[PDB]
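As a starting point, one isolated chain is supplied in structure tokens, in the form deposited without the partner chain.
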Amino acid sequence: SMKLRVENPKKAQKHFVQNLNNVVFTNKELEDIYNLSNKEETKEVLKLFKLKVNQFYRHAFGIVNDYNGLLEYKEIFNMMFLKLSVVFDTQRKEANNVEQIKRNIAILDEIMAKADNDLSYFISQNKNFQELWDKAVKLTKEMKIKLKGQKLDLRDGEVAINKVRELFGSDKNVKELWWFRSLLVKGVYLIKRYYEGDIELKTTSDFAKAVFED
């Protein structure tokens, strides 16, 4: 009914780690780790490493950007960083071992895959969230048409919410669920970019993909 990042998810389990509030490393914390890779022979891999940490961050927030309406999104998000923390343990004591940094990079990749799997699993187990999410897409598509030739001056960030209030501001879900309403508001900024001719849109997010995919 709803597309999952991983079609037939493997059972995931929670460690009740959703209430942690400082799992994400600050720029200094990361820099301090990067400085351990001081030797010249490790300069090339260190680049690949930094790029991966960045990709990692982008992936985690990507998950919270599309599924902040799924109670379990915090579990997944936090687990991601708790694992990163452990990898850094090795990184910290093998800071100039190129093969080890290569492995760490490979692991961060697996951590991300695991995130996608578990994410898909928890979504598969929450029928109601699936229905609401699908609905958000349904309406955004309607809105894609409805706003066909209207002026969309979204410069002061006020028109988007107003449009959503006009068209659907009355729908139980738009009034009660901030994440849902936000999905639609996010939607018009996407619609606008679509009208202007942006073609990268589907790669923007699972939501964007679902909306502009046929």
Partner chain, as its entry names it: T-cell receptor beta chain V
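Take the two forms, superpose them, and find the largest set of C-alpha atoms that agree within 1.5 Å; that set is the rigid core. Numbering follows the first chain given and starts at 1.
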Got a sec? Mean C-alpha B-factor, which is higher, 56 to 64 or 141 to 149?
141 to 149
For the C-alpha atoms alone, is the average B factor greater in 185 to 193 or in 168 to 176, going by the entry?
168 to 176
Quick check on the deposited entry: does the C-alpha B-factor of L71 sit in the lowest, middle or highest third of its chain?
middle
Grab the CA temperature factor for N128 from the record and place it in the lowest, middle or highest third of its chain.
highest
Third of the chain, ranked by Cα B-factor, where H15 sits:
lowest
Would you mind ranking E94 by its C-alpha B-factor against the rest of the chain and naming the third, lowest, middle or highest?
middle
Considering only modelled residues of the same chain, in which third does the CA B-factor of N27 rank: lowest, middle or highest?
middle
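Keep in mind the form solved in complex with the partner chain is missing from the figure; the text below concerns it.
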The partner chain contact at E44 in the bound PDB entry, heavy atom, 4.5 Å
no
Though only this chain appears here, would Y34 touch the partner chain in the bound PDB entry if you measure heavy atom gaps against 4.5 Å?
no
In the bound PDB entry, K202 touching the partner chain (heavy atom, 4.5 Å)
no
Exercise: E158 in contact with the partner chain in the bound PDB entry, heavy atom 4.5 Å:
yes
After a rigid core superposition between the shown form and the other one, the exception among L167, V64, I33, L154, its Cα shifting by 2 Å or more, is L154
